[PDB]
Amino acid sequence: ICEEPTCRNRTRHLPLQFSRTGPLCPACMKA
């Protein structure tokens, strides 16, 4: 998944905060 216009969308999923970097984004364990 995470090529880093995706990690911009997942640091955006970072304010989906279940995470404080678990795994959002960094910290993505995806590709």
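What counts, and at which threshold
Residues numbered from 1 in each chain as written, not as in the entry; some residues may be left out. Heavy atoms only, no water. Helix = DSSP H or I, 4+ residues; strand = E, 2+ residues; numbered from the N terminus. Buried < 20%, exposed > 50% of the residue type's maximum accessible area, 1.4 Å probe, protein only. Areas by Shrake-Rupley, 256 points an atom, 1.4 Å probe, with all protein chains shown as cover.

- The record names solution NMR as the way this model was obtained.

- According to its PDB record, this entry is titled "Minimized Average NMR Structure of the Zinc Finger Domain of Human DNA Polymerase-alpha".

Things to note about the overall build of the protein chain
Working step 1: When helices and strands are counted, the protein chain shows 1 helix and 0 strands.
Working step 2: Dimensions of the protein chain, computed from the C-alpha atoms along their principal axes, are close to 20 × 15 × 10 Å.
Working step 3: Residues classed as buried in the protein chain amount to 19% of the 31 residues present.
Working step 4: Element-wise, carbon and sulfur atoms account for 53% of the exposed surface of the protein chain, whose accessible area totals about 2700 Å².

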